[PDB]
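Scroll down for the structure; my scribbles are underneath it.
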Amino acid sequence: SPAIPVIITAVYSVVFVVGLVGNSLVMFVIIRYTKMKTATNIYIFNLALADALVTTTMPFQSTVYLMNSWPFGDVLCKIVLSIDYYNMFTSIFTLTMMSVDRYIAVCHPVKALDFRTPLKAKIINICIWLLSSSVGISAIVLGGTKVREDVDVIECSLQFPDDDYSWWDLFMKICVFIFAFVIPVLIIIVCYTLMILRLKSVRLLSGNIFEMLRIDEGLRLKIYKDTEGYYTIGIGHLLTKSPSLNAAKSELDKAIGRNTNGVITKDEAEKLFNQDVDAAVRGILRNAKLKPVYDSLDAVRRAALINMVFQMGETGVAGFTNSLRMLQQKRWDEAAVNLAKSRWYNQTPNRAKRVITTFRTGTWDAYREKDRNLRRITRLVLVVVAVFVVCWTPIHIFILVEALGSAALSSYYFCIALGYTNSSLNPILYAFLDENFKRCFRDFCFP
Amino acid sequence: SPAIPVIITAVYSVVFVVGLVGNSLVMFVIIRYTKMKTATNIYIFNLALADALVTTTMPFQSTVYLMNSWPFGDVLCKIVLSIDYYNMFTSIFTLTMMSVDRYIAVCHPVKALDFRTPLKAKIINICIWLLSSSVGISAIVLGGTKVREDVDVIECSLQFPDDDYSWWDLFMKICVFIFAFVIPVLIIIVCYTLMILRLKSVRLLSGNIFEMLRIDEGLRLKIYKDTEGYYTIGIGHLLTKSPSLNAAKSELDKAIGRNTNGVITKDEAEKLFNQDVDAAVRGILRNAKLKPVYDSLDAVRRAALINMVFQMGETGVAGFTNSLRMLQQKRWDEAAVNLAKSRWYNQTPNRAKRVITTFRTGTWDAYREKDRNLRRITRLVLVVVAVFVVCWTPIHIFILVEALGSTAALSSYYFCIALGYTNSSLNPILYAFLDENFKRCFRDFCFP
Ligand SMILES: CC(C)[C@@H](CN1CC[C@@](C)(c2cccc(O)c2)[C@@H](C)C1)NC(=O)[C@H]1Cc2ccc(O)cc2CN1
Ligand SMILES: CC(C)[C@@H](CN1CC[C@@](C)(c2cccc(O)c2)[C@@H](C)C1)NC(=O)[C@H]1Cc2ccc(O)cc2CN1
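Protein sequences appear in the order of chains A and B.
With the deposited numbering applied, the first sequence covers 55 to 261, 1002 to 1161, 263 to 301, 307 to 347.
With the deposited numbering applied, the second sequence covers 55 to 261, 1002 to 1161, 263 to 300, 305 to 347.
Set out below in structure tokens:
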């Protein structure tokens, strides 16, 4: 059909421009602005660099395809080959190191922002370029031109010993498939499967029940009066309801084991708290309605349940039958919507929300403000990798299959088209999945 | 040479993308945003619509270039051609009206209120497309592919009755040249000369001695030490040369009429400034060397003379006897040359050059921000017209020359149409850099 060339020409151009103008824009935006040089970005720079270099080979790819020969002579042949191979290795290694970076990021939100973290990244980038020189440089040496057959066409390619070109070619191409694909991709996959585990682990262990109730119930090292006027101390520990400070001091002294005079140490208050928690838990497991719900909840949502018993007691909580069964069916919002309608919510809105937020999200976000950036950045890296693999897999299997086996040139060019498309996609991905890039691109391209 | 193909592919690509994407973006922005509905922008839309269409033909051209023939058959041939012509006539007629529209904004402000509206511009746009349809539709009619002889190449082109073919082509090419270039360009030239003349004419009514000295002398409402260290206030008003600050305060407290404590209102600053100016003018009229010169000078150059006295004093200025004589003979350049030799020019070059330029030009040009002469939007249009002409001149003359009168020049034709294609992708970029609004709306669209 007459449309094919037109469509291909158009697509080809868009990819080249976005791929070349896109990545070159990224590289610059970073190098110039110290404001944004982060472990993740320094890698992206390396990525964009490889992706920009490779995009400049498009006008060679096509012009070669049109003439069906290599006009560019030896030098250019040796160069674009070393690019071809540098891009291939450089970008995959970078993405693996990015994943690894994200991996150690989930347990270190503090070190992520440091003097070294960005610097280490710079160094690694180089190490990647040195390792890639392995095949990058050998591409410069082996790269060469030859006049094939009777045809007046010229071929640009790596030149191995004649006849045994087959073995060395097969040898190299397999090595490529091992090191530039199999290893990194699996390493990456392992990197993420484990990362989601560390995240699950961090979402439970990022907060304890002590930090929770200390925010809702407060902490006092001296006897004080409840909101209802009752004498209490520490974290929501009712001493007595009777209006005698001497009784509150009496009851308190039995609680600690010494003569307190209405004054307890922080440590003592923790011991008291831990006893009160245990007491509440024993009460939950003794209660017919709460036990099954408690057993069925994750530790974070359990904390919320304990939190409620602390405030209104075991009996008070069991009356939320409609919301309890919903939790036991893991219908988190349905539960959250019902609890908000309760009187408990009306008379203590702020706290109630924090508890409901816990039941709904299954996290400590209500109590322990989490940085949304770590998750946003991590999903940036994930997607970029995801897209890469999708785009570079067709080409890696196609080169492997042709070599291992004994028309179909269309498939090659399609596979080639993806790898090129990947390079024009990344720049876009940076812009939509990282609000800092979007602000920098904006402020730079439209001031 | 091996590098040429690479360079062209790359440049071809960017031209295409920016051209198709850039003009698509313009049309969209103009359509969705109320503040983008303006006479000028309605033309811009029409223009970008033409630039977008012609850009869709780039991939066809590269194809026909490589295969050397037309694979797309007549239907696409007749279409791709009408676009070739539509684009040509539509775009140029728009820029003309765009220029005319601006000419009205400047030389017919009163009628401009009623004439310049998105609606009237839409109507005019439509006409341009109906007008262009005379060659756009006939292109559809005369468009067709004929298999060439002596070769197996298909040819997409206008098909006039053979035997008379050579002359019809020429007939049309001449007419296309007159109507799609010479005439619009002339009108545009007339428009833009009438504008600058009236802008120049108005700009010299928007200046005066006061605004002039406010810039040269500056303004500070609290007491400060001048360039030579003497206490000063307001607009270059020297209080005293005594370094007491209390005498400065005592000098200010007097003649203002209150105890200022070293701080005056902006109104009090003018009161003083007006007094200093009146004093300078009274100074000029009492001095026999300056009076006759002052009298013979026009308003603007009179200000230039008052400025000088204001700075270095009546007597000081009257020592420029050679320059003064030349100024009373209306020989400005010769006088400006002398004044530049003065110590006044060496000590305070920036100011002196501005004052001298005023005596030279007789205008306030020395007291503006460079090319603030034309407005943000008028400047835009004038740049877009310029680039267009520069870009479309080569192809127009080329087509015409060959038509009157050589197989290696094929490379020229291709360079000439590269300028045309390139101009289509340039506009979108110019809109962004030369219009704060486009720049603003592109931003929101691309990077929310
Ligand atoms: C966009 C990406 C996927 C292109 C970039 N590249 C750059 C160099 C290139 C333009 C070229 C270079 C030399 C001669 C020629 O005909 C074509 C042409 C191979 C395309 N990369 C490749 O084609 C890679 C894919 C690959 C996969 C496995 C393996 O063992 C070796 C290779 C080497 N070529
Ligand atoms: C970008 C602009 C300047 C191109 C766009 N255009 C679009 C159509 C075109 C691709 C084409 C159309 C049909 C066959 C063919 O080989 C080529 C090819 C003429 C290029 N337009 C032209 O070159 C104009 C230039 C011109 C100047 C004087 C005149 O009497 C007639 C014409 C007609 N074509």
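Quick reminder that beta carbons are idealized off the backbone N, C-alpha and C, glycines included.
In the segment 177–188 of chain A, which residues sit with their C-beta less than 9 Å from some C-beta in chain B, listed in chain order?
none
Beta-carbon separation (whole angstroms), residue 152(B) vs residue 97(B), contact threshold 8 Å:
4 Å
How many angstroms separate the CA atom of residue 1079(B) from the CA atom of residue 1088(B)?
8 Å
Same chain, Cβ closer than 7 Å to residue 1062(B), neighbours up to 5 away in sequence not counted
1050
Interface partners of residue 341(A) on chain B, CB under 9 Å
345 and 346
Indicate whether at least one CB of chain A lies closer than 8 Å to the CB of residue 64(B).
yes
Does any residue of chain B have a CB that is nearer than 8 Å to the CB of residue 331(A)?
yes
Between which two residues does the alpha helix (DSSP H) containing residue 97(B) stretch?
93–109
Could you tell me the alpha carbon to alpha carbon distance between residue 1012(B) and residue 1143(B), rounded to whole angstroms?
16 Å
Can you check the segment 1064–1114 of chain B for any alpha helix (DSSP H) of at least 4 residues that lies completely inside it and give the ranges in chain order?
1085–1090, 1093–1106 and 1108–1112
CB contact below 8 Å: residue 60(B) versus chain A
yes
Counting Cβ pairs, one atom from each stretch, are 3 or more of them under 8 Å apart for the segment 73–80 of chain A and the segment 117–137 of chain A?
no
What does a CB cutoff of less than 7 Å around residue 196(B) pick up in its chain, not counting 5 residues either side in sequence?
212, 213 and 214
Keeping to the same chain, check which residues put their C-beta closer than 6 Å to that of residue 1121(B); ignore five residues upstream and five downstream.
1087 and 1129
Taking Cβ-Cβ distances shorter than 7 Å, what residues in chain B pair up with residue 120(A)?
120
Taking contact to mean 3 or more Cβ pairs, one atom from each stretch, closer than 8 Å, check whether the segment 236–254 of chain B and the segment 1067–1084 of chain B are in contact.
no
Within 8 Å, do at least three Cβ pairs link the segment 95–113 of chain A to the segment 317–335 of chain A?
yes
From what residue to what residue does the alpha helix (DSSP H) around residue 1051(B) run?
No alpha helix (DSSP H) holds residue 1051(B); DSSP gives it neither H nor E.
Compute every distance between the C-beta of residue 194(A) and the non-hydrogen atoms of ligand 1, then say whether any falls below 7 Å.
no
Just to check my reading of the structure: residue 281(A) and residue 227(A) have Cβ atoms closer than 8 Å, yes? What is that Cβ distance to the nearest angstrom?
Wrong, their Cβ atoms sit about 25 Å apart, outside the cutoff.
Got a sec: is the Cβ-Cβ distance from residue 117(B) to anything in chain A below 8 Å?
yes
Cβ atoms of residue 63(B) and residue 116(A): under 8 Å apart, would you say?
yes
Minimum Cβ-Cβ distance from residue 127(A) to chain B less than 8 Å
yes
Do you know offhand how far residue 1153(A)'s Cα is from residue 168(A)'s?
35 Å
Residues near ligand 1, CB to any non-hydrogen atom under 6 Å, in chain order?
108(A), 111(A), 114(A), 115(A), 118(A), 134(A), 135(A), 138(A), 142(A), 210(A), 227(A), 230(A), 290(A), 291(A), 294(A), 316(A), 319(A) and 320(A)
Bounding residues of the alpha helix (DSSP H) (the contiguous stretch that carries residue 1057(B))
Looking at the DSSP string, residue 1057(B) is not in any alpha helix (DSSP H), and its letter there is neither H nor E.
Look at the Cβ atom of residue 1039(A), then the Cβ atom of residue 1025(A), and state whether they are nearer than 8 Å.
yes
CB-CB length for residue 1010(A) against residue 1101(A), believed under 8 Å
7 Å
Below 7 Å, is the gap between the Cβ of residue 124(B) and the nearest heavy atom of ligand 2?
yes
Run the CB neighbour count on residue 324(B), radius 10 Å, all protein chains shown included, and call it buried at 16 or more, exposed below.
buried
On the CB-based measure, 16 or more other CB atoms within 10 Å of its CB, does residue 1030(B) come out buried or exposed?
buried
Within 10 Å of its beta-carbon, does residue 264(B) have 16 or more other beta-carbons around it, so buried, or fewer, so exposed?
exposed
State the start and end residues of the unbroken alpha helix (DSSP H) segment that holds residue 286(B).
271–299
Residue 210(A) by DSSP, collapsed to three states: which one?
strand
I need the DSSP call for residue 1018(B), collapsed to helix, strand or coil.
strand
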